[PDB]
Amino acid sequence: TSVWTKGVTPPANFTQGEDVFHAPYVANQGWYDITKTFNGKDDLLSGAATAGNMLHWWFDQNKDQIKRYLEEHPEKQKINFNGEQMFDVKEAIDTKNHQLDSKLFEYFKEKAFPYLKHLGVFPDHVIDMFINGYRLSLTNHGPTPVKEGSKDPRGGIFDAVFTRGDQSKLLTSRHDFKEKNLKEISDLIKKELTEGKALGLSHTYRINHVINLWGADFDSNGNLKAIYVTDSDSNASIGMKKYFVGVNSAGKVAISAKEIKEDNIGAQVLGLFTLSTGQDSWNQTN
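As numbered in the deposited numbering, residues 49 to 164, 167 to 255, 259 to 339 make up the sequence shown, in order.
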């Protein structure tokens with residue numbers, strides 16, 4: 049059985065490479081593959097790249113609503129810092145298909161999180179910041195506090211609708227996997243995918262790396278056999294990668310470009326991040 053993210057067409061151009069079974073990127077298929085250039089600023093930003101890919105998918109899901117929102121709130125289109133333009137969401141939308149130079153990831157690596167040293171930020175926080183304006187704290191290692199507060203100057207583009215402090219307007223979640231088994235992990239991923247959310251996955255590598266999880270294959274018992282992902286560290290020429298999923302010799306659910314076995318323990322999965330469309334939350338009349 050297979051389950052794919054809402055609005056994402058399964059690639060049909062998979063081929064076995066030297067290290068991985070992969071499908072070269074093809075634009076407008078619903079999925080995204082932001083790719084790092086390791087320019088000193090995006091080197092450890094897999095969390096932000098994964099968030100960027102989720103937001104690009106989100107731009108597609110809410111294309112018309114965003115257009116209407118910007119017509120209602122023209123001042124929200126651009127982010128200006130003391131007279132200087134930092135970001136234009138229309139440019140981000142216009143270049144969303146670009147792997148290496150999308151304007152959203154440019155903003156993330158250049159203005160929002162440049163070098164963030168030997169730190170990194172997770173997808174949920176970045177999205178909560180970008181959309182609702184929730185302040186992103188480098189010292190917060192838990193979920194975003196759902197409380198009222200001032201807007202993070204780096205975001206809050208859509209906060210006239212997706213407010214801070216209102217649970218009905220929070221579009222993300224994070225789930226810890228560390229002490230979960232194959233069935234629990236498989237069940238959650240399937241549920242999140244089936245419910246129409248975009249997924250981000252963290253795994254050991259700061260011993261941490263985040264990737265986009267676009268689809269998954271389950272066996273007859275409902276247990277994951279494989280996942281399809283895009284990884285910001287991979288060359289732009291790679292695209293969607295198929296990863297095997299299996300419990301390794303250390304008793305951990307792990308993923309790898311090759312079968313999980315004694316000689317290939319792979320990477321332990323650590324957590325999951327989700328983004329819902331918020332498609333029924335845009336009406337200003339409620």
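C-beta atoms are modelled at their ideal positions from N, C-alpha and C, and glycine is treated no differently.
Item	Value
From which residue to which residue does the beta strand (DSSP E) around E245 run?	Neither: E245 is in no beta strand (DSSP E) and is coded neither H nor E.
Suppose contacts are defined by Cβ-Cβ distances below 8 angstroms. Is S285 in contact with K144 by that definition?	no
Between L93 and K157, how many whole angstroms is the CB-CB distance? I'm expecting something under 8 angstroms.	6 angstroms
Taking 8 angstroms as the cut-off, does the region 100-114 touch the region 321-336 (at least 3 CB pairs, one atom from each stretch)?	yes
Please report the straight-line C-alpha distance between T189 and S273, rounded to a whole angstrom.	43 angstroms
Could you tell me the distance, in whole angstroms, from the CA atom of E139 to the CA atom of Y73?	21 angstroms
Any idea if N128 is buried or exposed, counting beta-carbon neighbours within 10 angstroms, 16 or more meaning buried?	exposed
Sorted by chain position, which residues of the same chain lie with C-beta nearer than 7 angstroms to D209's C-beta, five sequence neighbours on each side aside?	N182, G183 and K201
Smallest Cα separation from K89: which of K230, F161, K151 and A310?	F161
How many whole angstroms separate the CB atoms of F326 and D174, which I take to be in contact at a CB cut-off of 8 angstroms?	5 angstroms
In the structure shown, what three-state DSSP assignment does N231 receive?	coil
Taking the continuous alpha helix (DSSP H) assigned at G100, which residues delimit it?	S94 to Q109
When the distance is taken between beta carbons, is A303 closer than 8 angstroms to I318?	yes
Could you say which of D316, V306 and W267 lies nearest to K295 if we only look at CA atoms?	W267
Taking the Cβ atom as the reference point for each residue, do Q125 and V137 lie within a distance shorter than 8 angstroms?	yes
Are the Cβ atoms of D237 and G275 separated by less than 8 angstroms?	yes
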